[PDB]
Amino acid sequence: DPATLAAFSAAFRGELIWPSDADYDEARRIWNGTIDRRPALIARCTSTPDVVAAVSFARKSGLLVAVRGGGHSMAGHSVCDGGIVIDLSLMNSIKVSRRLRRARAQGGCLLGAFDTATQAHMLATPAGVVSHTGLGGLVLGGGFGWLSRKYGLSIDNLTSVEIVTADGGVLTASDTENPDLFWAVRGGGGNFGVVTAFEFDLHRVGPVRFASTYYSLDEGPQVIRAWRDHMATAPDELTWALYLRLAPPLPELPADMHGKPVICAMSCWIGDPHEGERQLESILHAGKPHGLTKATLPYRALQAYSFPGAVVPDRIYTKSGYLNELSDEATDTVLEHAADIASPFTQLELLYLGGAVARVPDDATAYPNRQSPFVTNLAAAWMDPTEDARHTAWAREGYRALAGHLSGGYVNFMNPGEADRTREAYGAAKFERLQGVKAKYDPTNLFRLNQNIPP
Ligand SMILES: Cc1cc2nc3c(=O)[nH]c(=O)nc-3n(C[C@H](O)[C@H](O)[C@H](O)COP(=O)(O)OP(=O)(O)OC[C@H]3O[C@@H](n4cnc5c(N)ncnc54)[C@H](O)[C@@H]3O)c2cc1C
Ligand SMILES: [Br-]
Ligand SMILES: [Br-]
């Protein structure tokens, strides 16, 4: 309808990428490569006007909007099948203040670009763990990493946003402005508009003592029991996480471990590094550490470490869910399907959150399950588009085989066929509450390609 297309390009200094321009089959590809979808319009917005135009445009056309910052939607929400892609990867500017300990970042940032500007001043705020993950879809779901047990979720450090809502208007959501919207972006997602800016508190993070070993699966059941036990009685500065996987062919690992399911235990001490080598070594030798690696490295080097760059996988499938305990038998059943790992890319991720996250009132952010400390995540990953079921089944037949021991679920780990879990994840009180926020701000559900909340 060239009536709309007419004055869009009038107010659009960015770039449009049609299904004919050469760079289309590469701009419609996202990080989860099981997603062969074909949009009809790519907008690489470059400023807030570029977003308001596209959102006004995409309204005045009725196009299924897929918004996109980093592309790491483990459900494929960042590319639509025939709509418009409001792409923000070039909204990537950052302002950092050494003395205000304030940061300010556009919505298309990657974590690495954010951790590189703040660490120029020996600063940081908690965010994800892999650097090319986008800052948008992560922060709009809560977002956790190594700083989270000490400094909380990313939403706990967010002071204000700038958001472009469905009607084509630009707001400012803080605690003194649209606190309803601010309550809902912090854990809701795109549902309520496109966020063109964030503002974070920062924290002085210097070097950290980091260690990562690869215990053997046979000694597994006690380590998981050591890990489960010790993190319930652990200080906020101890961040420990277990990843079950095939041992990479790395020269610090014996060849008689290469390819066989091991336990990768990655730990860091967010404080004085000498209390690091004390508090770390008290937990390092619960099993027999193999492939050992310790270092006193800066935070920005810790965020770029994960994971061990064997490769970046093309095809992934994840099944997540929160936990409250870890029954002795589930511990036996995660070790049951660790010896069934098919590819060296799938990980069975056991993370103990809690810390400064759990010390936050539930009804303070739209993020659910703060009082849940354990987060499990059967993340499959593979290369062969014809081995799709063997890996996808290992997640299903492992998610299910303990789905009674699970509560809720992280929205940012959801798979494509999983919109049915938005109530189960958020809970009836957060959902019912997020309903009337969408009703006010997204009264038409203009932003529907997410873990959606209908008004
Ligand atoms: C390798 C890997 C590691 C991860 N590590 C962590 C971790 O440590 N902690 C954690 O909490 N999560 C983690 N995640 C999950 C991650 O937060 C989600 O995948 C998130 O959706 C990625 O955001 P993105 O913007 O990069 O992806 P996208 O595909 O661009 O976005 C996905 C969703 O976010 C929305 N969105 C993105 N940007 C904006 C914006 N500016 N305005 C409005 N809506 C927006 C989209 O509309 C869509 O619904 C990880 C994921 C991967 C793949
Ligand atoms: Br679609
Ligand atoms: Br990755």
# chains A, B, ... in the order shown; residues from 1 in each chain; ligands from 1
>>> residues_near_ligand(ligand="ligand 2", cutoff="9 Å", atoms="only C-alpha atoms and all ligand atoms", output="list in words")
residues 37, 38, 39, 64, 65, 66, 76, 77, 78, 79, 80, 81, 82, 83 and 449 of chain A
>>> write_last_selection(atoms="N, CA, C and O atoms", output="compact mmCIF listing (two decimals), in the first residue's frame")
# COMPACT_ATOMS: atom_id res chain seq x y z
N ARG A 37 12.42 -18.19 8.30
CA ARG A 37 11.28 -17.32 8.09
C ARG A 37 11.68 -16.19 7.15
O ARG A 37 12.85 -15.79 7.11
N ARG A 38 10.70 -15.67 6.41
CA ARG A 38 10.95 -14.74 5.31
C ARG A 38 10.14 -13.47 5.52
O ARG A 38 9.00 -13.37 5.07
N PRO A 39 10.69 -12.46 6.20
CA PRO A 39 9.99 -11.18 6.31
C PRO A 39 9.85 -10.50 4.96
O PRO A 39 10.46 -10.90 3.96
N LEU A 64 2.62 -8.04 11.10
CA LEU A 64 3.09 -8.77 12.27
C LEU A 64 4.52 -8.34 12.59
O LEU A 64 5.47 -8.74 11.91
N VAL A 65 4.68 -7.52 13.63
CA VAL A 65 5.97 -6.94 13.97
C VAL A 65 6.80 -7.97 14.73
O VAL A 65 6.33 -8.57 15.70
N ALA A 66 8.03 -8.16 14.28
CA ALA A 66 9.06 -8.88 15.04
C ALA A 66 10.18 -7.89 15.34
O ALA A 66 10.83 -7.40 14.41
N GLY A 76 12.83 -17.74 18.47
CA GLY A 76 12.72 -17.16 17.15
C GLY A 76 11.85 -15.92 17.04
O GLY A 76 11.47 -15.56 15.91
N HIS A 77 11.55 -15.25 18.15
CA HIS A 77 10.66 -14.09 18.16
C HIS A 77 11.21 -12.88 17.41
O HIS A 77 10.47 -11.89 17.25
N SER A 78 12.46 -12.92 16.95
CA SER A 78 13.13 -11.77 16.37
C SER A 78 13.01 -11.70 14.85
O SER A 78 13.55 -10.78 14.24
N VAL A 79 12.35 -12.68 14.23
CA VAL A 79 12.07 -12.64 12.81
C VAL A 79 10.66 -13.15 12.59
O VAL A 79 10.26 -14.17 13.15
N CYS A 80 9.88 -12.41 11.79
CA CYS A 80 8.51 -12.76 11.47
C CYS A 80 8.45 -13.42 10.10
O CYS A 80 9.37 -13.30 9.29
N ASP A 81 7.36 -14.14 9.86
CA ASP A 81 7.15 -14.83 8.59
C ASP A 81 6.21 -14.05 7.68
O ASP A 81 5.09 -14.46 7.41
N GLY A 82 6.67 -12.88 7.21
CA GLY A 82 5.90 -12.07 6.29
C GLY A 82 5.59 -10.66 6.77
O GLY A 82 4.99 -9.87 6.03
N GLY A 83 5.99 -10.32 8.00
CA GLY A 83 5.69 -9.01 8.55
C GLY A 83 6.80 -7.99 8.33
O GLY A 83 7.37 -7.91 7.24
N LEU A 449 4.97 -11.07 18.88
CA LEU A 449 6.02 -12.08 18.68
C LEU A 449 6.98 -12.03 19.86
O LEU A 449 8.10 -11.53 19.78
>>> residues_near_ligand(ligand="ligand 1", cutoff="7 Å", atoms="only C-alpha atoms and all ligand atoms", output="VMD selection string")
chain A and resid 66 to 74 76 to 78 88 107 to 108 127 to 130 133 to 145 189 to 190 193 to 196 412 to 413 449 to 451
>>> atom_distance(atom1="atom CA of residue A:318", atom2="atom CA of residue A:378")
5.3 Å
>>> residues_near_ligand(ligand="ligand 3", cutoff="12 Å", atoms="only C-alpha atoms and all ligand atoms", output="ChimeraX atom specification")
/A:30-33,70-74,128-134,304-316,345-347,379-382
>>> write_last_selection(atoms="N, CA and C atoms", output="compact mmCIF listing (two decimals), in the first residue's frame")
# COMPACT_ATOMS: atom_id res chain seq x y z
N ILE A 30 18.76 -15.49 12.19
CA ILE A 30 18.97 -15.17 13.60
C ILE A 30 19.82 -16.26 14.23
N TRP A 31 20.07 -16.12 15.53
CA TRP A 31 21.06 -16.99 16.17
C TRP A 31 20.59 -18.44 16.23
N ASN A 32 19.30 -18.67 16.50
CA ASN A 32 18.72 -20.02 16.41
C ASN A 32 18.38 -20.29 14.94
N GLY A 33 19.21 -21.09 14.28
CA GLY A 33 19.10 -21.30 12.84
C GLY A 33 18.13 -22.38 12.39
N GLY A 70 19.54 -8.40 19.34
CA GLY A 70 20.71 -9.25 19.22
C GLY A 70 20.44 -10.56 18.51
N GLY A 71 19.17 -10.94 18.42
CA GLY A 71 18.79 -12.11 17.64
C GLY A 71 18.82 -13.42 18.38
N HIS A 72 19.04 -13.40 19.69
CA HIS A 72 19.27 -14.62 20.45
C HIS A 72 17.99 -15.21 21.03
N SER A 73 16.81 -14.78 20.55
CA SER A 73 15.55 -15.38 20.96
C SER A 73 15.59 -16.89 20.77
N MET A 74 15.68 -17.64 21.87
CA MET A 74 15.69 -19.09 21.78
C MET A 74 14.35 -19.64 21.30
N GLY A 128 23.99 -10.69 30.98
CA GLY A 128 24.18 -12.07 30.58
C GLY A 128 25.61 -12.55 30.59
N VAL A 129 25.84 -13.71 29.97
CA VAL A 129 27.10 -14.43 30.11
C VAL A 129 27.85 -14.57 28.79
N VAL A 130 27.17 -14.59 27.64
CA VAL A 130 27.81 -14.60 26.33
C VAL A 130 27.69 -13.20 25.73
N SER A 131 28.78 -12.73 25.11
CA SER A 131 28.93 -11.30 24.83
C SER A 131 28.07 -10.84 23.66
N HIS A 132 27.89 -11.68 22.63
CA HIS A 132 27.10 -11.26 21.47
C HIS A 132 25.60 -11.38 21.69
N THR A 133 25.17 -11.83 22.87
CA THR A 133 23.76 -11.75 23.22
C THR A 133 23.35 -10.28 23.28
N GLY A 134 22.18 -9.96 22.74
CA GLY A 134 21.74 -8.57 22.74
C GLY A 134 21.29 -8.15 24.12
N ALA A 304 33.59 -12.34 28.35
CA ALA A 304 33.95 -12.86 27.04
C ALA A 304 34.43 -14.30 27.08
N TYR A 305 34.57 -14.90 28.27
CA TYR A 305 35.12 -16.25 28.33
C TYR A 305 34.09 -17.28 27.87
N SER A 306 32.93 -17.21 28.45
CA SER A 306 31.89 -18.18 28.17
C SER A 306 31.36 -18.10 26.77
N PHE A 307 31.02 -19.25 26.22
CA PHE A 307 31.60 -20.52 26.65
C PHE A 307 32.80 -20.82 25.80
N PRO A 308 33.60 -21.81 26.17
CA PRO A 308 34.84 -22.30 25.56
C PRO A 308 34.98 -22.39 24.01
N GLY A 309 34.61 -21.37 23.23
CA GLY A 309 34.61 -21.28 21.78
C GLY A 309 34.96 -22.45 20.91
N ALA A 310 34.37 -23.62 21.13
CA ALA A 310 34.64 -24.80 20.34
C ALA A 310 34.13 -24.38 19.01
N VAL A 311 32.85 -24.03 19.04
CA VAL A 311 32.16 -23.52 17.91
C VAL A 311 30.91 -22.80 18.38
N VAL A 312 30.29 -22.12 17.44
CA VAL A 312 29.03 -21.47 17.64
C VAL A 312 28.15 -22.40 16.83
N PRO A 313 27.09 -22.91 17.45
CA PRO A 313 26.17 -23.86 16.82
C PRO A 313 25.13 -23.15 15.98
N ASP A 314 24.68 -23.85 14.93
CA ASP A 314 23.67 -23.28 14.05
C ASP A 314 22.25 -23.55 14.53
N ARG A 315 22.02 -24.68 15.18
CA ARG A 315 20.67 -25.12 15.53
C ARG A 315 20.63 -25.47 17.01
N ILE A 316 19.64 -24.94 17.73
CA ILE A 316 19.54 -25.08 19.17
C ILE A 316 18.11 -25.42 19.57
N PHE A 345 27.96 -29.77 21.70
CA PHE A 345 27.44 -28.41 21.80
C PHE A 345 26.30 -28.29 22.81
N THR A 346 25.55 -29.37 23.05
CA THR A 346 24.49 -29.34 24.05
C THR A 346 25.09 -29.26 25.45
N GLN A 347 24.43 -28.50 26.32
CA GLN A 347 24.83 -28.38 27.71
C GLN A 347 23.61 -28.62 28.60
N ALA A 379 19.74 -27.19 27.20
CA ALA A 379 20.05 -26.45 25.98
C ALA A 379 20.74 -27.41 25.01
N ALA A 380 20.01 -27.82 23.98
CA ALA A 380 20.59 -28.62 22.93
C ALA A 380 21.18 -27.72 21.86
N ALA A 381 22.21 -28.21 21.17
CA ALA A 381 22.85 -27.47 20.10
C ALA A 381 23.57 -28.44 19.18
N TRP A 382 23.44 -28.22 17.87
CA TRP A 382 23.95 -29.15 16.88
C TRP A 382 24.10 -28.41 15.56
>>> closest_residue(among="A:192, A:217, A:325, A:54", to="residue A:455", atoms="only C-alpha atoms")
A:192
>>> select_by_dssp(residues="stretch 385-421 of chain A", states="alpha helix (DSSP H)", output="ChimeraX atom specification")
/A:388-399
>>> write_last_selection(atoms="N, CA and C atoms", output="tab-separated table (two decimals), in the first residue's frame")
chain	number	residue	atom	x	y	z
A	388	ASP	N	17.85	-33.22	13.62
A	388	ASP	CA	17.09	-32.26	14.42
A	388	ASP	C	16.35	-32.95	15.56
A	389	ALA	N	15.78	-34.13	15.31
A	389	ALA	CA	14.93	-34.77	16.31
A	389	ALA	C	15.73	-35.43	17.43
A	390	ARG	N	16.90	-36.00	17.12
A	390	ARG	CA	17.67	-36.71	18.14
A	390	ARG	C	18.09	-35.77	19.26
A	391	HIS	N	18.39	-34.52	18.92
A	391	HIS	CA	18.77	-33.54	19.93
A	391	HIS	C	17.53	-32.94	20.60
A	392	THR	N	16.53	-32.55	19.80
A	392	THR	CA	15.30	-31.98	20.33
A	392	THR	C	14.60	-32.95	21.28
A	393	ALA	N	14.71	-34.26	21.01
A	393	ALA	CA	14.11	-35.24	21.90
A	393	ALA	C	14.84	-35.31	23.24
A	394	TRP	N	16.17	-35.23	23.22
A	394	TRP	CA	16.95	-35.30	24.45
A	394	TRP	C	16.55	-34.19	25.42
A	395	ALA	N	16.13	-33.03	24.90
A	395	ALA	CA	15.61	-31.98	25.76
A	395	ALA	C	14.21	-32.30	26.25
A	396	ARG	N	13.31	-32.71	25.34
A	396	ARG	CA	11.95	-33.08	25.73
A	396	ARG	C	11.96	-34.23	26.73
A	397	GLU	N	12.66	-35.32	26.40
A	397	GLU	CA	12.69	-36.50	27.25
A	397	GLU	C	13.57	-36.34	28.48
A	398	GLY	N	14.03	-35.11	28.75
A	398	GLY	CA	14.75	-34.80	29.97
A	398	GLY	C	14.04	-33.69	30.74
A	399	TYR	N	13.51	-32.71	30.01
A	399	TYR	CA	12.60	-31.74	30.63
A	399	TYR	C	11.42	-32.43	31.28
>>> residues_around(residues="residue A:302", least_positions_apart="5", cutoff="12 Å", atoms="only C-alpha atoms", output="PyMOL selection string")
chain A and resi 112+115-116+119+124+127-131+145-147+205-212+266-270+294-297+307-308
>>> closest_residue(among="A:349, A:50, A:340, A:328", to="residue A:168", atoms="only C-alpha atoms")
A:50
>>> closest_residue(among="A:57, A:25, A:405, A:19", to="residue A:7", atoms="only C-alpha atoms")
A:57
>>> closest_residue(among="A:366, A:402, A:40, A:439", to="residue A:319", atoms="only C-alpha atoms")
A:402
>>> residues_around(residues="residue A:431", least_positions_apart="2", cutoff="10 Å", atoms="only C-alpha atoms", output="ChimeraX atom specification")
/A:188,366,368,422-429,433-437,453-455
>>> write_last_selection(atoms="C-alpha atoms", output="mmCIF file, in the first residue's frame")
data_model
loop_
_atom_site.group_PDB
_atom_site.id
_atom_site.type_symbol
_atom_site.label_atom_id
_atom_site.label_comp_id
_atom_site.auth_asym_id
_atom_site.auth_seq_id
_atom_site.Cartn_x
_atom_site.Cartn_y
_atom_site.Cartn_z
ATOM 1 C CA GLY A 188 7.585 -8.540 30.599
ATOM 2 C CA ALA A 366 7.404 -8.388 36.605
ATOM 3 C CA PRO A 368 8.711 -14.231 38.551
ATOM 4 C CA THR A 422 3.290 -17.367 29.922
ATOM 5 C CA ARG A 423 0.776 -17.827 32.749
ATOM 6 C CA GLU A 424 2.591 -20.851 34.188
ATOM 7 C CA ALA A 425 5.845 -18.882 34.166
ATOM 8 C CA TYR A 426 4.586 -15.490 35.342
ATOM 9 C CA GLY A 427 1.940 -16.797 37.734
ATOM 10 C CA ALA A 428 -1.712 -15.815 37.824
ATOM 11 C CA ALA A 429 -1.075 -12.639 39.831
ATOM 12 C CA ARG A 433 -1.489 -7.618 36.497
ATOM 13 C CA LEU A 434 0.494 -7.526 33.232
ATOM 14 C CA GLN A 435 -2.839 -7.857 31.399
ATOM 15 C CA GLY A 436 -4.026 -4.420 32.488
ATOM 16 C CA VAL A 437 -0.657 -2.896 31.629
ATOM 17 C CA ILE A 453 0.563 -11.366 27.320
ATOM 18 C CA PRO A 454 -2.860 -10.615 25.786
ATOM 19 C CA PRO A 455 -4.763 -7.581 27.191
#
>>> select_by_dssp(residues="stretch 216-360 of chain A", states="strand (DSSP E or B)", output="tab-separated table (two decimals) with N, CA, C and O atoms, in the first residue's frame")
chain	number	residue	atom	x	y	z
A	216	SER	N	34.79	-35.60	36.32
A	216	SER	CA	34.32	-36.76	35.57
A	216	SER	C	32.94	-37.19	36.06
A	216	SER	O	32.63	-37.11	37.25
A	238	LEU	N	30.09	-15.65	46.12
A	238	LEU	CA	30.39	-16.92	45.48
A	238	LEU	C	29.34	-17.20	44.40
A	238	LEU	O	28.16	-17.40	44.72
A	239	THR	N	29.77	-17.20	43.14
A	239	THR	CA	28.91	-17.53	42.01
A	239	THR	C	29.43	-18.82	41.40
A	239	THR	O	30.52	-18.85	40.82
A	240	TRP	N	28.64	-19.89	41.54
A	240	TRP	CA	28.99	-21.22	41.08
A	240	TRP	C	27.90	-21.73	40.15
A	240	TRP	O	26.71	-21.46	40.37
A	241	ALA	N	28.30	-22.46	39.11
A	241	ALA	CA	27.36	-22.96	38.13
A	241	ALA	C	27.94	-24.20	37.47
A	241	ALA	O	29.13	-24.23	37.14
A	242	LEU	N	27.10	-25.22	37.28
A	242	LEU	CA	27.52	-26.49	36.70
A	242	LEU	C	26.92	-26.65	35.31
A	242	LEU	O	25.73	-26.40	35.10
A	243	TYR	N	27.76	-27.08	34.37
A	243	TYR	CA	27.35	-27.33	32.99
A	243	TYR	C	27.77	-28.75	32.64
A	243	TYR	O	28.97	-29.06	32.65
A	244	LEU	N	26.80	-29.61	32.34
A	244	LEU	CA	27.08	-30.99	31.97
A	244	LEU	C	27.16	-31.09	30.45
A	244	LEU	O	26.28	-30.60	29.74
A	245	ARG	N	28.22	-31.74	29.96
A	245	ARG	CA	28.52	-31.67	28.53
A	245	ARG	C	29.58	-32.70	28.17
A	245	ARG	O	30.25	-33.26	29.05
A	246	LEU	N	29.74	-32.93	26.87
A	246	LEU	CA	30.89	-33.67	26.38
A	246	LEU	C	32.15	-32.83	26.57
A	246	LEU	O	32.17	-31.64	26.26
A	261	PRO	N	30.95	-37.51	28.49
A	261	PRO	CA	30.25	-36.55	29.35
A	261	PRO	C	30.99	-36.27	30.65
A	261	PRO	O	31.22	-37.17	31.47
A	262	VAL	N	31.36	-35.00	30.84
A	262	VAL	CA	32.02	-34.53	32.05
A	262	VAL	C	31.14	-33.47	32.71
A	262	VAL	O	30.06	-33.14	32.23
A	263	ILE	N	31.62	-32.93	33.83
A	263	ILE	CA	30.96	-31.84	34.54
A	263	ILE	C	31.87	-30.63	34.47
A	263	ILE	O	32.98	-30.65	35.00
A	264	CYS	N	31.40	-29.56	33.83
A	264	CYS	CA	32.16	-28.31	33.75
A	264	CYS	C	31.64	-27.38	34.84
A	264	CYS	O	30.49	-26.93	34.80
A	265	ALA	N	32.49	-27.11	35.83
A	265	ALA	CA	32.16	-26.24	36.96
A	265	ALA	C	32.92	-24.93	36.81
A	265	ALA	O	34.15	-24.91	36.93
A	266	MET	N	32.19	-23.85	36.55
A	266	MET	CA	32.77	-22.53	36.40
A	266	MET	C	32.38	-21.68	37.60
A	266	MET	O	31.20	-21.58	37.95
A	267	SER	N	33.38	-21.05	38.22
A	267	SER	CA	33.15	-20.29	39.44
A	267	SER	C	33.99	-19.02	39.43
A	267	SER	O	35.05	-18.95	38.80
A	268	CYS	N	33.49	-18.01	40.14
A	268	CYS	CA	34.14	-16.71	40.22
A	268	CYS	C	33.83	-16.10	41.58
A	268	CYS	O	32.79	-16.39	42.18
A	269	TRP	N	34.74	-15.25	42.06
A	269	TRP	CA	34.59	-14.57	43.34
A	269	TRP	C	34.52	-13.07	43.09
A	269	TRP	O	35.52	-12.45	42.72
A	294	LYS	N	42.71	-21.51	36.34
A	294	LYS	CA	42.42	-20.41	37.25
A	294	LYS	C	43.08	-19.15	36.71
A	294	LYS	O	44.12	-19.21	36.04
A	295	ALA	N	42.48	-18.00	37.00
A	295	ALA	CA	43.04	-16.73	36.53
A	295	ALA	C	42.45	-15.59	37.34
A	295	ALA	O	41.28	-15.64	37.75
A	296	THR	N	43.27	-14.57	37.56
A	296	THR	CA	42.79	-13.29	38.06
A	296	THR	C	42.64	-12.35	36.86
A	296	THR	O	43.61	-11.71	36.45
A	297	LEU	N	41.44	-12.29	36.29
A	297	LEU	CA	41.20	-11.54	35.08
A	297	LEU	C	40.13	-10.49	35.34
A	297	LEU	O	39.36	-10.60	36.31
A	298	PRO	N	40.05	-9.45	34.51
A	298	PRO	CA	39.02	-8.43	34.69
A	298	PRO	C	37.64	-8.96	34.34
A	298	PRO	O	37.50	-9.97	33.64
A	315	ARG	N	22.02	-24.68	15.18
A	315	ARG	CA	20.67	-25.12	15.53
A	315	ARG	C	20.63	-25.47	17.01
A	315	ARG	O	21.50	-26.21	17.50
A	316	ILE	N	19.64	-24.94	17.73
A	316	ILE	CA	19.54	-25.08	19.17
A	316	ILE	C	18.11	-25.42	19.57
A	316	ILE	O	17.15	-25.16	18.84
A	317	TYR	N	17.98	-26.01	20.76
A	317	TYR	CA	16.67	-26.27	21.35
A	317	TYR	C	16.84	-26.31	22.86
A	317	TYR	O	17.71	-27.03	23.37
A	318	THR	N	16.04	-25.52	23.57
A	318	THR	CA	16.16	-25.37	25.02
A	318	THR	C	14.84	-25.71	25.71
A	318	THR	O	13.76	-25.43	25.18
A	319	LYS	N	14.95	-26.31	26.89
A	319	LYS	CA	13.82	-26.55	27.78
A	319	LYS	C	14.24	-26.11	29.18
A	319	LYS	O	15.10	-26.75	29.80
A	320	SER	N	13.64	-25.04	29.68
A	320	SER	CA	14.03	-24.46	30.95
A	320	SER	C	12.94	-24.66	32.00
A	320	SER	O	11.90	-25.27	31.76
A	321	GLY	N	13.21	-24.12	33.19
A	321	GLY	CA	12.29	-24.21	34.32
A	321	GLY	C	13.01	-23.94	35.62
A	321	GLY	O	14.16	-24.36	35.80
A	322	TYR	N	12.36	-23.23	36.54
A	322	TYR	CA	12.93	-22.93	37.84
A	322	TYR	C	12.72	-24.10	38.81
A	322	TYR	O	11.94	-25.01	38.55
A	323	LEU	N	13.45	-24.06	39.92
A	323	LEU	CA	13.39	-25.10	40.94
A	323	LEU	C	13.43	-24.44	42.31
A	323	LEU	O	13.83	-23.28	42.45
A	347	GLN	N	24.43	-28.50	26.32
A	347	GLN	CA	24.83	-28.38	27.71
A	347	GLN	C	23.61	-28.62	28.60
A	347	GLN	O	22.49	-28.24	28.24
A	348	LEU	N	23.83	-29.27	29.74
A	348	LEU	CA	22.80	-29.41	30.76
A	348	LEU	C	23.21	-28.45	31.87
A	348	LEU	O	24.08	-28.75	32.69
A	349	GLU	N	22.58	-27.28	31.87
A	349	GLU	CA	23.06	-26.15	32.66
A	349	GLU	C	22.34	-26.10	34.00
A	349	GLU	O	21.11	-25.99	34.06
A	350	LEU	N	23.11	-26.19	35.08
A	350	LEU	CA	22.61	-26.07	36.45
A	350	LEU	C	23.18	-24.79	37.04
A	350	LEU	O	24.39	-24.69	37.27
A	351	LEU	N	22.32	-23.81	37.28
A	351	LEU	CA	22.73	-22.51	37.81
A	351	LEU	C	22.03	-22.27	39.14
A	351	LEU	O	20.82	-22.50	39.26
A	352	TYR	N	22.79	-21.81	40.14
A	352	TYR	CA	22.21	-21.39	41.42
A	352	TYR	C	22.18	-19.87	41.45
A	352	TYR	O	23.21	-19.22	41.67
>>> atom_distance(atom1="atom CA of residue A:236", atom2="atom CA of residue A:407")
23.2 Å
>>> atom_distance(atom1="atom CA of residue A:97", atom2="atom CA of residue A:203")
11.6 Å
>>> residues_around(residues="residue A:283", least_positions_apart="5", cutoff="9 Å", atoms="only C-alpha atoms", output="MDAnalysis selection string")
chainID A and resid 226:227 230
>>> write_last_selection(atoms="C-alpha atoms", output="compact mmCIF listing (two decimals), in the first residue's frame")
# COMPACT_ATOMS: atom_id res chain seq x y z
CA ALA A 226 28.19 -30.74 47.06
CA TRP A 227 27.08 -27.98 44.66
CA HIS A 230 27.06 -25.48 49.48
>>> closest_residue(among="A:164, A:365, A:342, A:290", to="residue A:387", atoms="only C-alpha atoms")
A:342
